[PDB]
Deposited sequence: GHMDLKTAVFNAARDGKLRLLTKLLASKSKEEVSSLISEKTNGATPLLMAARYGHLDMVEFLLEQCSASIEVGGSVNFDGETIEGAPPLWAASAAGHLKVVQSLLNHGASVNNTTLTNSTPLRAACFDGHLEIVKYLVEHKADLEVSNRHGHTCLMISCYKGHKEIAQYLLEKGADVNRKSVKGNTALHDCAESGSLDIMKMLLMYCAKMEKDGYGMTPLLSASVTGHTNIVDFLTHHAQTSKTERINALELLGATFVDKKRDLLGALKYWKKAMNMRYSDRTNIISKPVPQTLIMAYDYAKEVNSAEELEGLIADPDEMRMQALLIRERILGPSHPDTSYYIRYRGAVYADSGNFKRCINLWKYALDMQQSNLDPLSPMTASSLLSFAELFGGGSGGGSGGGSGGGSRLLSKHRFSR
């Protein structure tokens, strides 16, 4: 009844409407009902989420018992659980509300249920002035969400240079690993953020393998960011072999993800030149344990002559992309079985159901030997 009238008045910031419904009851009754969770949220959480500064001041004056209580707020259609007012106000960029809340004693590291801090939410949406204010009020840079993702990591992924720079200036550990072994360098690689990647390397950020065995260089090859790959293949921290495999894998990505055979052949020639650059140290192609029926029993081209006829034979190039991806990413990387299935589907759509079925059987046997489904298809939390 009136509980929801005060909830709405807070949500909408009609302060005179509120002090009307509120001037009746007693100081024991106001606090008892400003603490009432209408729809999973408190009046304070709503006032803060929507930046009603006077409304937040008035509510806190009456009773600060809800200042740390986590409720439910909406951002961009998603509902977040266990969010306290400070987290909501910083996620939404209401710097004035953030200042008010910390004045009234809001805990600066009080997280959501996903262990996202107010600092993390501010880094996600790129609120630099809030990021600075939170850090200057003892926000802990190194508190990561439940996945092990950090404020530095999410800043890199979203390309917020200025925020990434600020966190690094203020001491953020550039070599944190998430639970799946992801580092901020990986986040830069996956987002194409070359400028932020360079910045991280000013801080001697180590290039490392994640859980999937992926260096930042490979991550950029898998997701197709050539600005990162061109940069890292000219970087002394990557060996000749890592450079070749990244170029080769990126070409496979050009085939399967970018549907671009000209581009793919560029990187395969680039990588083949390097395999035969030192005439006395040939980096020969590895040989798999066996030929694969699903792959049409194809072998990776092992010289530059074998590459010259490739563009005229797209099916050969598509089998090359699959051979390369299994060689470099392995059966346990989700992209291997994924692109096997996608290539199978393209054969089904063009009418080659035997090739389709042999590739899907093989994706199934690969998936289930190393222990994104058809039905479904049909760490970056804020």
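Counting from 1 along the deposited sequence, which stretches were left out of the model?
No coordinates exist for the deposited residues in 1-3, 375-385, 393-414, so these stretches are absent from the model.
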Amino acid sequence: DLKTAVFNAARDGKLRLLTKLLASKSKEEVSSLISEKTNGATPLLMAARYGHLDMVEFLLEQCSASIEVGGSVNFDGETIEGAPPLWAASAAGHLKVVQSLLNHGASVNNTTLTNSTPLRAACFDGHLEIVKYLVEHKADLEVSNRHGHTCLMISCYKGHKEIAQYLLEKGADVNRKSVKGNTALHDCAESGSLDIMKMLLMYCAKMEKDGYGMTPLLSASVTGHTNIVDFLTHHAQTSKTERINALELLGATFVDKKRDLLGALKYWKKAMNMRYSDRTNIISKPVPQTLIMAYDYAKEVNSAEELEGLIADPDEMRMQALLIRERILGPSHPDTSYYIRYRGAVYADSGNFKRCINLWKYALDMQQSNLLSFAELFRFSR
From here on, numbers count along this sequence of modelled residues.
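Just so we're on the same page, rigid core means the largest C-alpha set that superposes within 1.5 Å between forms.
Of 67-75 and 126-134, which departs more from this form in 7 other deposited structures of this protein by CA RMS after core fitting:
The more displaced stretch in 7 other deposited structures of this protein turns out to be 67-75.
Taking RMS over all structures and residues, which stretch has CA atoms farther from the shown form in 7 other deposited structures of this protein, 106-114 or 284-292, after a rigid core fit?
Larger mean C-alpha displacement, comparing 106-114 and 284-292 in 7 other deposited structures of this protein, is found in 284-292.
Averaging CA B factors per stretch from the PDB record, which one is higher: 76-84 or 197-205?
Result of the comparison: 76-84.
Quick check on the record: does 173-181 or 276-284 carry the larger mean Cα temperature factor?
Higher of the two, by average CA B-factor, is 276-284.
Out of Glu129, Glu300, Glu305, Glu190, highest CA B-factor residue:
Most elevated C-alpha B-factor of the set, per the entry: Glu305.
Of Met319, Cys63, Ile328, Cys356, which one's C-alpha B factor is largest in the deposited record?
So the option with the highest C-alpha B-factor is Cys63.
Quick check for you: using the entry's CA B-factors within this chain, is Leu113 in the lowest, middle or highest third?
Highest third of the chain for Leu113's C-alpha B-factor.
Name the third of the chain's ranked CA B-factors that contains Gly71, choosing lowest, middle or highest.
Its C-alpha B-factor belongs to the highest third of this chain's values.
Taking the values exactly as deposited, rank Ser219 by C-alpha B-factor within its chain and report the matching third: lowest, middle or highest.
Ranked within chain, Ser219 CA B lands in the lowest tercile.
So where's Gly344 on the chain's Cα temperature factor ranking, which third?
Its C-alpha B-factor, which the entry lists for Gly344, ranks in the lowest third among residues of this chain.
B-factor third for the C-alpha atom of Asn352 within its chain:
Tercile = middle for this residue's CA B-factor.
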